[PDB]
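Working notes for the structure below.
Number of protein chains: 2
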Amino acid sequence: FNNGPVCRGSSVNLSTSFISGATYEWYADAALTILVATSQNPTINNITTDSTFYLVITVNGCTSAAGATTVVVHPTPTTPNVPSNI
Amino acid sequence: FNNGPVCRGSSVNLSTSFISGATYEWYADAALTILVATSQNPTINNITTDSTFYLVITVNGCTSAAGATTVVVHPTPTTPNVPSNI
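Below is the structure:
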């Protein structure tokens, strides 16, 4: 689970349930090659574009299929309307 | 894992996963000669240049190969543009 829409440049508090006997590993890559965190509820910083995360749980030596979420970054609001030169 | 880019002169909150039965040792030297901390999540102060840290875990008397991270210090921002003498 993500922390809702993320304003561009901000942070994500990712979260999972607690599994006894588990080691948690988080990956940026779907191929599980790029590791971003090793904790139950990591914080990922500077998210500017939509990006996904993969979660692998190792329990008593065996590994689960990666779970996953999607972090959606709100749109950049409209440039405001200001009068012509004075 | 480091705490992101570190503004020159500031601090780093280093972190690792938790290992039952482990003693944690952190080293500044790659040769594991200079010891900076003995804790799971130490704070290292006054980092001014890019510098690396090595992590050794001792479990039930046996020692792991050191893991490692890199602390990258942001650039010093540009000196601002101010008008000529008035």
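First to last, the protein sequences are chains B and A.
Its first residue numbered 4512, the first sequence is counted upward by one per residue in the authors' numbering.
Its first residue numbered 4512, the second sequence is counted upward by one per residue in the authors' numbering.
Cβ atoms here follow ideal geometry from the backbone N, Cα and C, with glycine treated the same way.
- With respect to chain B, the C-beta atom of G4515/A has a partner C-beta closer than 7 Å.
- By the neighbour-count criterion, in which 16 or more other beta carbons inside 10 Å mark a residue as buried, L4546/A falls on the exposed side.
- Per the coordinates, the alpha-carbon of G4515/B lies some 32 Å from the alpha-carbon of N4571/B.
- Within chain A, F4512 have C-beta atoms less than 8 Å from the C-beta of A4548/B, given in sequence order.
- Closest in C-alpha terms to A4579/B, from the list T4563/B, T4589/B and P4586/B, comes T4563/B.
- In chain order, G4515 make up the part of chain A whose C-beta sits under 7 Å from the C-beta of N4556/B.
- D4561/A and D4540/A have their C-alpha atoms roughly 13 Å apart.
- Under DSSP, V4583/A takes part in no beta bridge, so it has no partner.
- DSSP places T4563/A within a strand segment (E or B) once states are collapsed to three.
- The C-beta of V4523/A has 16 or more other C-beta atoms within 10 Å across all chains shown, which makes the residue buried.
- Shown here, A4539/A sits in coil according to DSSP, grouped into three states, outside any helix or strand.
- If you look at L4546/A, you'll find it in the beta strand (DSSP E) that goes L4546 to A4548.
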